[PDB]
Structure formats: structure tokens, C-alpha cells
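Computed from heavy atoms alone, side chains included, the values below leave out hydrogens, waters and symmetry copies. Throughout, residue positions are numbered sequentially from 1 according to the sequence presented.
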Amino acid sequence: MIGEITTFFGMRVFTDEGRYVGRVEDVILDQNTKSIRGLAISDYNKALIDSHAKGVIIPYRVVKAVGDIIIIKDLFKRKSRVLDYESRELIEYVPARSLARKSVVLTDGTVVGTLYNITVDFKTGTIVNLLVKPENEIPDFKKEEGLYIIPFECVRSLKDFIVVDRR
């Protein structure tokens, strides 16, 4: 259920009707809601998607399962419009990879380190932790496997420098 964001990368996505959607290229994040917003897909199925973009974004709420593959709700169908005189019906934000190995700093200006990875809940889509490769010795963040465990609650911006506070 809970794991690291790099796991998404390269995973094939299918629908819950067994139909191939594509391969995850990136993961779209939201600081305001501390959650995954969408998945960026490439090598995407033309039979299902009418589009000329390099990649398409699937909103994260349609994700049902993340295992060896990602299963999403099948939404690649046509609704049928109702006809009044006929019983028949008619038919006619920050990407995760752009945070790669950025520098992480405190509110005062201390250089905390370089971002290594991001911990997320795959069912909920909540962002849980940052994992920062250390460069200085701040006592404000606990450690595991030699990385700073920064609760995402404490992140205050994510532009050219990842900015982090003690609370």
C-alpha cells in the first residue's frame, strides 16, 4: 500500500476490463492537498485514446490498484444520448521527475541535502514523506537507512528549492 514514488516509473497501466492503457512516464503531485494528482502516461493505446499529445494524464482517483501493473477504472467508452421518441439511444501542480535530486533547504537557509525519493500511499494517493540524501546535520529530522525522513506536512514550497520547516 505505502511505498516509494519511483515504483510507478515504467509500470504498464491496464483497465479493469483488461485493456492496455500505456506506461507510466511521470507522476503529478500537489503540495496543497499532499496527494498524487494524476499519472503521466506514454506509449499509450491509440485504439482507446484519440489524441496527438506525447503523453496523457490520468487523474489519480480512477486508479484502483498498484501491484505489478496499475489497474484503472475503464473510462474509454462512449455514453449514449437518450432520445425522446426512441427507446434506442444515440451514439455520436508539479511532476515528480522534475524534483529529481533537487536541493532541500530549511526556513532559515540551511542546506539539508538532495531529494532522493518520495514515500506515497498507493491506495489513498497521500504523499507521506520526503527522503533526503543528507549534506548537513540537522537534528530536526529522524533518520532511516541514512536518509532524512521529512514528513510532507512540513513542506512549504516546491519551486526551484524544496523548502522545509521543523513543524
Side-chain angles (χ1 to χ4, degrees), residues 1-16 20-45 49 53-73 75 93-167:
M1 173 183 65
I2 293 169
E4 294 174 352
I5 197 72
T6 54
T7 302
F8 284 110
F9 295 150
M11 286 188 74
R12 298 160 288 165
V13 183
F14 303 58
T15 71
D16 60 357
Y20 179 69
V21 181
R23 280 181 174 268
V24 177
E25 167 176 349
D26 205 352
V27 179
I28 307 303
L29 300 179
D30 179 75
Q31 174 185 358
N32 288 321
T33 65
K34 299 197 288 183
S35 66
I36 304 171
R37 186 276 207 209
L39 293 178
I41 299 300
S42 68
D43 293 330
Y44 75 197
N45 192 355
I49 294 164
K54 305 295 195 294
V56 297
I57 292 174
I58 298 295
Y60 194 77
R61 62 175 182 84
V62 295
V63 173
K64 290 174 71 175
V66 178
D68 298 318
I69 60 169
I70 294 159
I71 298 172
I72 69 172
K73 180 182 288 187
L75 56 86
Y93 290 167
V94 176
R97 293 176 72 192
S98 68
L99 297 172
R101 290 181 290 176
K102 298 182 83 70
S103 295
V104 177
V105 300
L106 282 180
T107 182
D108 61 9
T110 303
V111 170
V112 187
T114 61
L115 185 67
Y116 181 74
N117 208 352
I118 305 168
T119 301
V120 299
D121 179 344
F122 295 114
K123 293 288 184 180
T124 287
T126 292
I127 304 169
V128 183
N129 304 323
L130 297 177
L131 305 181
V132 182
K133 179 68 177 66
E135 289 181 353
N136 294 329
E137 181 69 25
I138 302 164
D140 290 333
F141 306 116
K142 299 296 193 293
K143 290 178 181 288
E144 186 186 9
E145 284 183 346
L147 294 171
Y148 285 118
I149 301 169
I150 295 168
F152 196 79
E153 297 75 352
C154 293
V155 180
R156 302 293 172 186
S157 73
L158 290 170
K159 294 163 76 170
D160 279 330
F161 295 98
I162 296 169
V163 176
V164 176
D165 296 340
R166 182 183 62 87
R167 293 179 180 178

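Judged by distance alone, the side chain of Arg97 and the main-chain N or O of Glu25 form a donor-acceptor pair under 3.5 Å. Between the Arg23 side chain and the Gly10 main chain, a donor and an acceptor come within less than 3.5 Å of each other. Under the 3.5 Å distance criterion, the side-chain polar atoms of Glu153 are left unmatched by any main-chain donor or acceptor of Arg167. Proximity of a side-chain donor or acceptor of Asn45 to a complementary backbone N or O of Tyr20 within less than 3.5 Å is detected.
How far CD of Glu4 is from CG of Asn129: 9.5 Å, rounded to the nearest 0.5 Å. To the nearest 0.5 angstrom, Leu130 atom CG is 8.5 Å from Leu99 atom CG. Here the CD1-CD distance, from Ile162 to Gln31, works out to 10.5 Å after rounding to the nearest 0.5 Å. Distance check: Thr15 OG1 to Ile70 CD1 gives 13.0 Å after rounding to the nearest 0.5 Å. Atoms CZ and CD1, on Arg12 and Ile69 in that order, are 7.0 Å from each other to the nearest 0.5 Å. Atom CG of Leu106 sits about 5.5 Å away from atom CZ of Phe141, to the nearest 0.5 Å.
For the pair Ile41/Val24, a side-chain contact is recorded, criterion being any heavy-atom separation below 4.5 Å from C-beta on. No side-chain heavy atom of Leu39 sits less than 4.5 Å from a side-chain heavy atom of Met11. Under the 4.5 Å side-chain criterion, counting only non-hydrogen atoms from C-beta, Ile5 is not in contact with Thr119. Counting heavy atoms from C-beta on, the side chains of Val163 and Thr107 never come closer than 4.5 Å. Side-chain contact between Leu29 and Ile118 is present, with at least one heavy-atom pair separated by less than 4.5 Å. Taking the side chain as every heavy atom from C-beta outward, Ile72 and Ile58 approach each other to under 4.5 Å.
Residues forming a salt bridge (charged side-chain N to carboxylate O under 4.0 Å, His left out) with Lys64 (at least two apart in sequence, or on another chain): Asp16. Scored by the salt bridge (charged side-chain N to carboxylate O under 4.0 Å, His left out) test, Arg166 finds no partners at all (sequence neighbours excluded). Applying the ring pair (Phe, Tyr, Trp, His ring centres under 6.0 Å) rule to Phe122 yields the partners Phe8; only residues at least two apart in sequence or on another chain are considered. Listed by chain and number, the residues in a salt bridge (charged side-chain N to carboxylate O under 4.0 Å, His left out) with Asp30 amount to none (sequence neighbours excluded).
Screening residues 142-167 for ring-ring contact (aromatic ring centres under 6.0 Å, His included), with sequence neighbours left out, gives no hits. Sequence neighbours left out, not one pair with a member in residues 114-139 passes salt bridge (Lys or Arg N to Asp or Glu O under 4.0 Å).
Across all non-hydrogen atoms, the minimal contact from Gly38 to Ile57 is CA-CG2, 4.2 Å. When all heavy atoms are compared, the tightest approach of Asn117 to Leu115 is O-CD1, 3.6 Å. Closest non-hydrogen pair, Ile150 versus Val104, comes out as CD1-CG1, 4.1 Å. The minimum heavy-atom distance linking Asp26 with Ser98 is given by the pair OD2-N, 4.5 Å. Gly146 approaches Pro134 most closely through the heavy-atom pair O-CD, 3.2 Å.
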Inset, instruction - Apply side-chain contact (heavy atoms from CB on, under 4.5 Å) to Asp160 and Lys102, showing your working. - result: CA-CA 8 Å; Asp160 279 330; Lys102 298 182 83 70; 4.3 Å; yes

Inset, instruction - Show your working on side chain to side chain donor-acceptor pair (under 3.5 Å) between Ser35 and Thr33 and close with a plain yes or no. - result: CA-CA 5 Å; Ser35 66; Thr33 65; 2.6 Å; yes

Legend entry - Chi angles and distances behind the side-chain contact (heavy atoms from CB on, under 4.5 Å) call for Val132, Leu147: CA-CA 5 Å; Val132 182; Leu147 294 171; over 6 Å; no

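Heavy atoms of other residues, nucleotides or ligands lying less than 6.0 angstrom from NZ of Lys143 number more than 12.
No option in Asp140, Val105, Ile138 other than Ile138 meets the side chain to side chain contact (heavy atoms under 4.5 Å, CB included) test with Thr110.
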